[PDB]
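Read top to bottom, the protein sequences are chains A and B. To get the entry's author numbering, take the position in the first sequence, counting from 1, and add 3589. To get the entry's author numbering, take the position in the second sequence, counting from 1, and add 3589. No residue lacks a Cβ here, since even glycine has one placed at the ideal position from N, Cα and C.
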Amino acid sequence: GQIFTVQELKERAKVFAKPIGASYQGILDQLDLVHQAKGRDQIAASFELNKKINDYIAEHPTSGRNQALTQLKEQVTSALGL
Amino acid sequence: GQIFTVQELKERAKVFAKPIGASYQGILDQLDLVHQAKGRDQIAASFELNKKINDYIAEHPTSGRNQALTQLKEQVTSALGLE
Ligand SMILES: [Br-]
Ligand SMILES: [Br-]
Ligand SMILES: [Cl-]
Ligand SMILES: [Cl-]
């Protein structure tokens, strides 16, 4: 219908969450590398971890869930009037 | 050492995520009420859904994960002497 069902809301949130999760996994992988490294290697790994976090925060400020919720509100607002 | 391990990061994300997940469940439950209601009951339920969404977006702008990552960044920047 006009307003998402719970299942439709969840499936929309998933679509948006998919690329964010992929980016997050790359951060996790880099974090392990930092802890497994020592000396100059650890310094290098840490700088790259910093960039990955920066890049993630810039590209993914809003969760998949929150993006879908914003769309749900508009559906509800329209179903009610404004 | 001075920065989270992957396990510690996941643990911290989960703590922050817990209240957000609870508010979200409230929205999900109210959305089911909207679809289960007929006529006048559906209108009332929709107003309350809108309020719940509105309150959530004000209360929970940043995911548990993102809150934990922001703390991680600060640890890493501190460790490397960056601002
Ligand atoms: Br997220
Ligand atoms: Br979230
Ligand atoms: Cl997400
Ligand atoms: Cl969350």
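So residue i is in the alpha helix (DSSP H); what residue range does that whole segment cover?
i: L3669/B; result: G3653 to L3669
i: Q3591/A; result: Counting along the chain, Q3591/A falls outside any alpha helix (DSSP H), and DSSP gives it neither H nor E.
i: residue 3673/A; result: No answer is possible for residue 3673/A: the residues shown for chain A start at 3590 and end at 3671.
Using a Cβ-Cβ distance cut-off of 8 angstroms, determine whether residue i contacts chain A.
i: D3621/B; result: yes
i: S3612/B; result: no
i: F3636/B; result: yes
i: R3654/B; result: yes
i: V3604/B; result: no
i: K3640/B; result: no
Hey, residue i and residue j are a contact pair by Cβ (cut 8 angstroms); roughly how many whole angstroms apart?
i: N3639/B; j: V3665/A; result: 5 angstroms
i: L3658/A; j: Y3645/B; result: 7 angstroms
i: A3668/B; j: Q3591/B; result: 5 angstroms
i: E3637/B; j: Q3625/B; result: No, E3637/B and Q3625/B are not in contact; Cβ-Cβ is about 13 angstroms, not under 8 angstroms.
Please confirm whether residue i has its beta-carbon closer than 8 angstroms to some beta-carbon of chain B.
i: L3598/A; result: yes
i: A3626/A; result: no
i: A3668/A; result: yes
i: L3671/A; result: no
i: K3607/A; result: no
CB-CB under 7 angstroms to residue i, same chain, minus the five flanking residues each way: which ones, in chain order?
i: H3649/B; result: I3609 and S3612
i: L3598/A; result: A3657 and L3661
i: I3642/B; result: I3616
Going by beta carbon distance, what residues of the same chain come within less than 6 angstroms of residue i, once the five residues before and after it are set aside?
i: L3622/B; result: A3634
i: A3602/A; result: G3653, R3654 and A3657
i: residue 3680/A; result: As shown, chain A starts at 3590 and ends at 3671. That puts residue 3680/A outside it, with no answer to give.
| For ligand 4, which residues count as neighbours when the test is a C-beta closer than 6 angstroms to any heavy atom? | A3606/B, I3609/B, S3652/B and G3653/B
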